[PDB]
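Colleague: My file is target23.pdb. It has PDB, C-alpha atoms and all ligand atoms:
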MODEL        1
ATOM      1  CA  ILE T  24       2.950   4.901   7.315
ATOM      2  CA  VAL T  25       5.166   6.864   9.744
ATOM      3  CA  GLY T  26       5.868   5.409  13.182
ATOM      4  CA  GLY T  27       4.057   2.124  12.513
ATOM      5  CA  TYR T  28       5.081  -1.515  12.372
ATOM      6  CA  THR T  29       5.458  -4.310   9.850
ATOM      7  CA  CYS T  30       1.990  -5.861   9.600
ATOM      8  CA  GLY T  31       3.025  -9.415   8.830
ATOM      9  CA  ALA T  32       2.473 -11.011   5.441
ATOM     10  CA  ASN T  33      -1.171 -11.219   4.378
ATOM     11  CA  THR T  34      -2.510 -10.294   7.838
ATOM     12  CA  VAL T  35      -4.446  -7.409   6.225
ATOM     13  CA  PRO T  36      -6.026  -9.541   3.497
ATOM     14  CA  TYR T  37      -8.362  -6.819   2.183
ATOM     15  CA  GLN T  38      -5.473  -4.414   1.503
ATOM     16  CA  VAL T  39      -4.751  -3.955  -2.202
ATOM     17  CA  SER T  40      -2.021  -2.108  -4.076
ATOM     18  CA  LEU T  41      -3.029  -0.089  -7.152
ATOM     19  CA  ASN T  42      -0.335  -0.347  -9.813
ATOM     20  CA  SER T  43       0.170   1.683 -13.001
ATOM     21  CA  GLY T  44       3.708   0.509 -13.658
ATOM     22  CA  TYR T  45       4.488   1.158  -9.982
ATOM     23  CA  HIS T  46       2.514   1.236  -6.740
ATOM     24  CA  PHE T  47       0.686   4.557  -6.459
ATOM     25  CA  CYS T  48      -2.191   4.059  -3.994
ATOM     26  CA  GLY T  49      -3.859   1.599  -1.688
ATOM     27  CA  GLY T  50      -7.418   0.328  -1.689
ATOM     28  CA  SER T  51      -9.723  -2.090   0.092
ATOM     29  CA  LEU T  52     -11.381  -5.207  -1.331
ATOM     30  CA  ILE T  53     -15.087  -5.077  -0.422
ATOM     31  CA  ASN T  54     -16.213  -8.149  -2.413
ATOM     32  CA  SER T  55     -14.702 -10.388  -5.061
ATOM     33  CA  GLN T  56     -15.234  -7.809  -7.847
ATOM     34  CA  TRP T  57     -14.902  -4.364  -6.244
ATOM     35  CA  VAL T  58     -12.288  -2.191  -4.541
ATOM     36  CA  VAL T  59     -12.869   1.040  -2.590
ATOM     37  CA  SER T  60     -10.133   3.684  -2.851
ATOM     38  CA  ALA T  61      -9.800   7.476  -2.751
ATOM     39  CA  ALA T  62     -11.057   9.619  -5.626
ATOM     40  CA  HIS T  63      -7.713  11.419  -5.601
ATOM     41  CA  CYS T  64      -6.182   8.058  -6.615
ATOM     42  CA  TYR T  65      -8.079   8.107  -9.916
ATOM     43  CA  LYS T  66      -6.127   7.413 -13.068
ATOM     44  CA  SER T  67      -6.519   5.251 -16.135
ATOM     45  CA  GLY T  68      -4.742   1.929 -16.603
ATOM     46  CA  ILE T  69      -5.048   0.548 -13.073
ATOM     47  CA  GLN T  70      -4.021  -2.997 -12.205
ATOM     48  CA  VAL T  71      -5.281  -4.156  -8.822
ATOM     49  CA  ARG T  72      -2.765  -6.257  -6.882
ATOM     50  CA  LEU T  73      -4.246  -8.493  -4.183
ATOM     51  CA  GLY T  74      -2.486 -10.797  -1.759
ATOM     52  CA  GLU T  75       0.584  -8.554  -1.587
ATOM     53  CA  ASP T  76       3.161  -8.256   1.126
ATOM     54  CA  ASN T  77       6.432  -7.285  -0.570
ATOM     55  CA  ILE T  78       5.234  -5.249  -3.571
ATOM     56  CA  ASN T  79       8.588  -5.653  -5.354
ATOM     57  CA  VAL T  80       8.808  -9.477  -5.192
ATOM     58  CA  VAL T  81       6.396 -12.143  -6.418
ATOM     59  CA  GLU T  82       6.085 -14.225  -3.238
ATOM     60  CA  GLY T  83       3.355 -16.622  -4.388
ATOM     61  CA  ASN T  84       0.003 -15.411  -2.980
ATOM     62  CA  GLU T  85      -0.683 -12.486  -5.305
ATOM     63  CA  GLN T  86      -3.554 -11.992  -7.705
ATOM     64  CA  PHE T  87      -3.042  -9.303 -10.365
ATOM     65  CA  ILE T  88      -6.342  -8.220 -11.964
ATOM     66  CA  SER T  89      -6.845  -5.252 -14.269
ATOM     67  CA  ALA T  90      -9.626  -2.792 -13.551
ATOM     68  CA  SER T  91     -12.497  -2.774 -16.025
ATOM     69  CA  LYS T  92     -14.046   0.471 -14.753
ATOM     70  CA  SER T  93     -13.420   3.175 -12.191
ATOM     71  CA  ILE T  94     -16.217   5.301 -10.727
ATOM     72  CA  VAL T  95     -15.251   8.472  -8.869
ATOM     73  CA  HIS T  96     -17.961   9.744  -6.536
ATOM     74  CA  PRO T  97     -20.232  12.148  -8.474
ATOM     75  CA  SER T  98     -19.716  14.882  -5.873
ATOM     76  CA  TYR T  99     -15.959  14.528  -5.396
ATOM     77  CA  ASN T 100     -14.381  17.979  -5.193
ATOM     78  CA  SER T 101     -10.626  17.873  -5.748
ATOM     79  CA  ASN T 102     -10.198  21.366  -4.290
ATOM     80  CA  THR T 103     -11.611  20.494  -0.847
ATOM     81  CA  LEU T 104     -11.234  16.693  -1.035
ATOM     82  CA  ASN T 105     -14.887  16.401  -0.002
ATOM     83  CA  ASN T 106     -16.341  13.028  -1.057
ATOM     84  CA  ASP T 107     -12.880  11.516  -1.595
ATOM     85  CA  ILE T 108     -14.037   8.032  -2.601
ATOM     86  CA  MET T 109     -13.833   5.893  -5.755
ATOM     87  CA  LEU T 110     -14.987   2.392  -6.712
ATOM     88  CA  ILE T 111     -12.886   0.157  -8.955
ATOM     89  CA  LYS T 112     -14.376  -2.885 -10.667
ATOM     90  CA  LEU T 113     -12.152  -5.863 -11.414
ATOM     91  CA  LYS T 114     -12.202  -7.431 -14.872
ATOM     92  CA  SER T 115     -12.548 -10.846 -13.212
ATOM     93  CA  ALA T 116     -13.561 -11.899  -9.724
ATOM     94  CA  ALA T 117     -10.798 -12.423  -7.216
ATOM     95  CA  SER T 118     -10.411 -15.867  -5.684
ATOM     96  CA  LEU T 119     -11.124 -15.311  -2.004
ATOM     97  CA  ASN T 120      -8.945 -17.221   0.474
ATOM     98  CA  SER T 121      -7.226 -16.633   3.818
ATOM     99  CA  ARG T 122      -4.791 -14.172   2.192
ATOM    100  CA  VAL T 123      -7.268 -12.365  -0.093
ATOM    101  CA  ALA T 124     -10.467 -11.443   1.708
ATOM    102  CA  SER T 125     -13.078  -8.729   1.661
ATOM    103  CA  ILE T 126     -13.670  -6.173   4.423
ATOM    104  CA  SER T 127     -17.235  -5.466   5.519
ATOM    105  CA  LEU T 128     -18.809  -2.077   4.991
ATOM    106  CA  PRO T 129     -20.086  -0.317   8.101
ATOM    107  CA  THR T 130     -23.704  -0.164   9.135
ATOM    108  CA  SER T 131     -23.086   2.637  11.622
ATOM    109  CA  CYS T 132     -20.404   5.255  11.886
ATOM    110  CA  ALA T 133     -17.523   4.675  14.273
ATOM    111  CA  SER T 134     -17.117   6.547  17.539
ATOM    112  CA  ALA T 135     -14.493   9.028  18.622
ATOM    113  CA  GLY T 136     -11.835   7.241  20.646
ATOM    114  CA  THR T 137     -12.130   3.933  18.813
ATOM    115  CA  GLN T 138      -8.809   2.356  17.879
ATOM    116  CA  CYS T 139      -8.487   1.566  14.185
ATOM    117  CA  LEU T 140      -5.936  -0.077  11.901
ATOM    118  CA  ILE T 141      -4.446   1.969   9.052
ATOM    119  CA  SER T 142      -2.154   0.275   6.548
ATOM    120  CA  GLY T 143      -0.183   0.925   3.393
ATOM    121  CA  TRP T 144       3.068   1.067   1.459
ATOM    122  CA  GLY T 145       3.478   4.833   1.779
ATOM    123  CA  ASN T 146       6.373   6.924   3.015
ATOM    124  CA  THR T 147       7.701   5.982   6.449
ATOM    125  CA  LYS T 148       9.493   9.287   7.155
ATOM    126  CA  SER T 149       7.985  12.472   8.578
ATOM    127  CA  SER T 150      10.887  14.453   7.108
ATOM    128  CA  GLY T 151      12.410  13.058   3.969
ATOM    129  CA  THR T 152      11.405  10.021   1.999
ATOM    130  CA  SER T 153      11.655   6.252   2.396
ATOM    131  CA  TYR T 154       9.217   3.855   0.781
ATOM    132  CA  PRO T 155       8.884   0.343   2.209
ATOM    133  CA  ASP T 156       8.466  -2.851   0.265
ATOM    134  CA  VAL T 157       6.389  -4.745   2.842
ATOM    135  CA  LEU T 158       3.034  -3.624   4.183
ATOM    136  CA  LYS T 159       3.134  -1.296   7.190
ATOM    137  CA  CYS T 160       0.456  -0.899   9.834
ATOM    138  CA  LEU T 161      -0.544   1.698  12.406
ATOM    139  CA  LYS T 162      -2.971   1.549  15.293
ATOM    140  CA  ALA T 163      -4.577   4.959  15.629
ATOM    141  CA  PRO T 164      -7.639   6.305  17.451
ATOM    142  CA  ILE T 165     -10.405   8.346  15.913
ATOM    143  CA  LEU T 166     -10.027  11.918  17.160
ATOM    144  CA  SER T 167     -12.861  14.131  18.329
ATOM    145  CA  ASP T 168     -14.568  16.311  15.739
ATOM    146  CA  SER T 169     -13.599  19.328  17.860
ATOM    147  CA  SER T 170      -9.894  18.488  17.736
ATOM    148  CA  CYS T 171     -10.119  17.698  14.018
ATOM    149  CA  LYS T 172     -11.749  21.045  13.179
ATOM    150  CA  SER T 173      -9.281  22.900  15.399
ATOM    151  CA  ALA T 174      -6.392  21.245  13.567
ATOM    152  CA  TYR T 175      -7.760  22.186  10.107
ATOM    153  CA  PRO T 176      -9.972  25.262  10.521
ATOM    154  CA  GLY T 177     -12.544  25.699   7.779
ATOM    155  CA  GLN T 178     -11.602  22.451   6.033
ATOM    156  CA  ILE T 179     -13.289  19.476   7.780
ATOM    157  CA  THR T 180     -16.669  18.444   6.362
ATOM    158  CA  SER T 181     -19.136  15.910   7.758
ATOM    159  CA  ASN T 182     -17.643  13.431   5.255
ATOM    160  CA  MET T 183     -14.223  13.481   6.942
ATOM    161  CA  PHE T 184     -12.737  12.436  10.259
ATOM    162  CA  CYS T 185      -9.311  12.725  11.849
ATOM    163  CA  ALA T 186      -7.385   9.836  13.337
ATOM    164  CA  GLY T 187      -3.921   9.598  14.813
ATOM    165  CA  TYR T 188      -1.867  11.493  17.365
ATOM    166  CA  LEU T 189      -1.854  15.245  17.965
ATOM    167  CA  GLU T 190       1.680  14.987  19.374
ATOM    168  CA  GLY T 191       2.868  13.695  15.993
ATOM    169  CA  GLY T 192       5.244  10.845  15.271
ATOM    170  CA  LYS T 193       2.616   8.371  14.023
ATOM    171  CA  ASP T 194       0.504   8.899  10.905
ATOM    172  CA  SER T 195      -0.316   7.792   7.398
ATOM    173  CA  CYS T 196       1.542   9.492   4.552
ATOM    174  CA  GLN T 197       1.982   9.867   0.795
ATOM    175  CA  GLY T 198       1.494   6.533  -0.945
ATOM    176  CA  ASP T 199      -0.923   5.302   1.731
ATOM    177  CA  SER T 200      -3.652   7.256  -0.130
ATOM    178  CA  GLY T 201      -6.780   5.238  -0.820
ATOM    179  CA  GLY T 202      -6.009   2.541   1.724
ATOM    180  CA  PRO T 203      -8.112   1.282   4.605
ATOM    181  CA  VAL T 204      -8.947   2.521   8.061
ATOM    182  CA  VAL T 205     -10.611  -0.479   9.749
ATOM    183  CA  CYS T 206     -12.358  -0.151  13.098
ATOM    184  CA  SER T 207     -14.243  -2.949  14.837
ATOM    185  CA  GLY T 208     -13.952  -5.108  11.746
ATOM    186  CA  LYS T 209     -15.487  -2.560   9.351
ATOM    187  CA  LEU T 210     -14.066  -0.238   6.696
ATOM    188  CA  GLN T 211     -14.725   3.130   8.330
ATOM    189  CA  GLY T 212     -12.135   5.311   6.593
ATOM    190  CA  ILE T 213     -10.085   5.836   3.449
ATOM    191  CA  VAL T 214      -6.649   7.455   3.631
ATOM    192  CA  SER T 215      -7.381  10.916   2.223
ATOM    193  CA  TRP T 216      -5.232  13.916   3.201
ATOM    194  CA  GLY T 217      -3.394  15.907   5.824
ATOM    195  CA  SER T 218      -0.620  18.483   6.145
ATOM    196  CA  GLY T 219       2.687  16.698   6.008
ATOM    197  CA  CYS T 220       2.901  13.428   7.898
ATOM    198  CA  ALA T 221       3.263  12.843  11.632
ATOM    199  CA  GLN T 222       3.630  16.555  12.384
ATOM    200  CA  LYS T 223       2.334  17.981  15.640
ATOM    201  CA  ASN T 224      -1.307  19.124  15.531
ATOM    202  CA  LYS T 225      -1.786  17.878  11.945
ATOM    203  CA  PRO T 226      -3.302  14.392  12.114
ATOM    204  CA  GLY T 227      -4.434  12.395   9.125
ATOM    205  CA  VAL T 228      -7.849  13.107   7.604
ATOM    206  CA  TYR T 229      -9.931  10.194   6.338
ATOM    207  CA  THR T 230     -13.003   9.821   4.150
ATOM    208  CA  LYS T 231     -15.978   8.860   6.336
ATOM    209  CA  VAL T 232     -17.086   5.647   4.614
ATOM    210  CA  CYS T 233     -20.295   5.224   6.632
ATOM    211  CA  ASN T 234     -21.762   8.185   4.711
ATOM    212  CA  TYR T 235     -21.235   6.391   1.373
ATOM    213  CA  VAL T 236     -22.656   2.924   1.973
ATOM    214  CA  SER T 237     -25.903   3.669   0.116
ATOM    215  CA  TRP T 238     -23.990   4.987  -2.901
ATOM    216  CA  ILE T 239     -21.620   2.003  -2.829
ATOM    217  CA  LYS T 240     -24.448  -0.520  -2.635
ATOM    218  CA  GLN T 241     -26.488   1.142  -5.388
ATOM    219  CA  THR T 242     -23.460   1.506  -7.646
ATOM    220  CA  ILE T 243     -22.367  -2.122  -7.337
ATOM    221  CA  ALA T 244     -25.972  -3.237  -7.904
ATOM    222  CA  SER T 245     -25.955  -1.626 -11.388
ATOM    223  CA  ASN T 246     -22.361  -2.028 -12.618
TER     224      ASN T 246
HETATM  225  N1  LIG J 301      -1.439  12.385   7.162
HETATM  226  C1  LIG J 301      -1.501  12.132   5.837
HETATM  227  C2  LIG J 301      -1.226  13.131   4.881
HETATM  228  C3  LIG J 301      -1.341  12.811   3.541
HETATM  229  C4  LIG J 301      -1.720  11.532   3.147
HETATM  230  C5  LIG J 301      -1.858  11.134   1.701
HETATM  231  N2  LIG J 301      -2.668  12.078   0.949
HETATM  232  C6  LIG J 301      -2.116  13.043   0.221
HETATM  233  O1  LIG J 301      -0.905  13.223   0.143
HETATM  234  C7  LIG J 301      -3.082  13.934  -0.541
HETATM  235  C8  LIG J 301      -3.061  13.594  -2.038
HETATM  236  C9  LIG J 301      -3.190  14.927  -2.732
HETATM  237  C10 LIG J 301      -2.377  15.848  -1.859
HETATM  238  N3  LIG J 301      -2.637  15.331  -0.506
HETATM  239  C11 LIG J 301      -2.557  15.961   0.683
HETATM  240  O2  LIG J 301      -2.762  15.374   1.729
HETATM  241  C12 LIG J 301      -2.325  17.463   0.735
HETATM  242  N4  LIG J 301      -1.277  17.699   1.738
HETATM  243  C13 LIG J 301      -3.646  18.147   1.165
HETATM  244  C14 LIG J 301      -3.576  19.626   1.456
HETATM  245  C15 LIG J 301      -3.522  20.549   0.424
HETATM  246  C16 LIG J 301      -3.499  21.908   0.688
HETATM  247  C17 LIG J 301      -3.533  22.363   1.987
HETATM  248  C18 LIG J 301      -3.585  21.459   3.025
HETATM  249  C19 LIG J 301      -3.603  20.099   2.763
HETATM  250  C20 LIG J 301      -1.972  10.620   4.149
HETATM  251  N5  LIG J 301      -1.864  10.889   5.454
HETATM  252 CA    CA J 302       4.532  -9.399  -3.981
ENDMDL
END
Rewrite the structure of this file - the entire thing - as structure tokens.
Modeller:
Amino acid sequence: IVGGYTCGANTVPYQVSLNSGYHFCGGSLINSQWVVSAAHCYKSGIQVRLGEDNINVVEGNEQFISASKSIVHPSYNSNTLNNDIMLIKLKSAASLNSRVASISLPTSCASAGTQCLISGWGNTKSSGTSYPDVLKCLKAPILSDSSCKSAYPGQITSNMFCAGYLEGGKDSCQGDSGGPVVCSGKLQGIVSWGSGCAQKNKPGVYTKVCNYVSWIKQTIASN
């Protein structure tokens, strides 16, 4: 997260860190057994880390649970990043508490102009590299479809939306991949892609979760 703020420990209790020997992506806990992340975060050997603030120190509220199965969306296209969504099943159910909590799925899509919360442990620099240990947060509005398509001609599908600031300075970044965009108490986006971070006229692009609720519900009903 570039240009954001320190969230405060466990104040984003649905935020998870995906670990394969190191943090490599975020995700969102949607019930005690399932995490939503980005398809581009797929790899084998994932451990889901819940209850995290400082990802380099065991502070006492963590739950570390290995994934039993990952399911990349059947239509994910890694060339266009269309359908950039993946479900991860936990080997055992998380213990839900005030610091480890699920985020509701949307029933309707969010509106342009709505302010959302984006969070993660990704790079905090727009030029260069600095990775934080504690969870960072950003308030960012959903941008109009027109401005999103103008920023990325030929590349925005109906399964994507832009959020952030066309003037730059504030954005998600590498390492935030797969993490949540929460608007009005619902998981409306997944950190997906962009062009650099916090650059002028290149806002973050996010998977439009409301288009995937039927697939999520069906998949968790049979796995
Ligand atoms: N504002 C941001 C930007 C990035 C991220 C994290 N996500 C990534 O870094 C993903 C993972 C795979 C590569 N990637 C990218 O985004 C490529 N730049 C896409 C691209 C490729 C080619 C042309 C234009 C664009 C979050 N917030
Ligand atoms: Ca920790």
Colleague: List as a PyMOL selection string: which residues have an atom within 12 Å of (-11.5, 19.5, 14.7), counting all atoms listed in the file?
Modeller: chain T and resi 135+165-181+183-186+189+224-228
Colleague: Have a look at T:94, T:81, T:48, T:117 and name the one nearest to ligand CA 302 (chain J); count only C-alpha atoms and all ligand atoms.
Modeller: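 Between T:94, T:81, T:48, T:117, the residue approaching ligand CA 302 (chain J) most closely is T:81.
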Colleague: Using all atoms listed in the file, which of T:161, T:210, T:62, T:73 sits nearest residue 118 of chain T?
Modeller: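 That would be T:73, the residue with the smallest distance to residue 118 of chain T.
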Colleague: Got a sec: who's within 9 Å of segment 30-42 of chain T, counting all atoms listed in the file, leaving out chain neighbours fewer than 5 positions off, as a PyMOL selection string?
Modeller: chain T and resi 47-53+58+64+68-78+84+120-126+142-144+157-161+202-203
Colleague: Using only C-alpha atoms and all ligand atoms, which residues have at least one atom no more than 7 Å from ligand LIG 301 (chain J)? Output them as a PDB file with C-alpha atoms, in the frame of the given file.
Modeller:
ATOM      1  CA  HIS T  63      -7.713  11.419  -5.601  1.00  0.00           C
ATOM      2  CA  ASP T 194       0.504   8.899  10.905  1.00  0.00           C
ATOM      3  CA  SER T 195      -0.316   7.792   7.398  1.00  0.00           C
ATOM      4  CA  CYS T 196       1.542   9.492   4.552  1.00  0.00           C
ATOM      5  CA  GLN T 197       1.982   9.867   0.795  1.00  0.00           C
ATOM      6  CA  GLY T 198       1.494   6.533  -0.945  1.00  0.00           C
ATOM      7  CA  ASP T 199      -0.923   5.302   1.731  1.00  0.00           C
ATOM      8  CA  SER T 200      -3.652   7.256  -0.130  1.00  0.00           C
ATOM      9  CA  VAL T 214      -6.649   7.455   3.631  1.00  0.00           C
ATOM     10  CA  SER T 215      -7.381  10.916   2.223  1.00  0.00           C
ATOM     11  CA  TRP T 216      -5.232  13.916   3.201  1.00  0.00           C
ATOM     12  CA  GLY T 217      -3.394  15.907   5.824  1.00  0.00           C
ATOM     13  CA  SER T 218      -0.620  18.483   6.145  1.00  0.00           C
ATOM     14  CA  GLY T 219       2.687  16.698   6.008  1.00  0.00           C
ATOM     15  CA  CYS T 220       2.901  13.428   7.898  1.00  0.00           C
ATOM     16  CA  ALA T 221       3.263  12.843  11.632  1.00  0.00           C
ATOM     17  CA  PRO T 226      -3.302  14.392  12.114  1.00  0.00           C
ATOM     18  CA  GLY T 227      -4.434  12.395   9.125  1.00  0.00           C
ATOM     19  CA  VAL T 228      -7.849  13.107   7.604  1.00  0.00           C
TER      20      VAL T 228
END
Colleague: Between T:209, T:240, T:46, T:96, which one has atoms that come closest to residue 138 of chain T, using only C-alpha atoms?
Modeller: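 Of T:209, T:240, T:46, T:96, the one nearest residue 138 of chain T is T:209, counting only C-alpha atoms.
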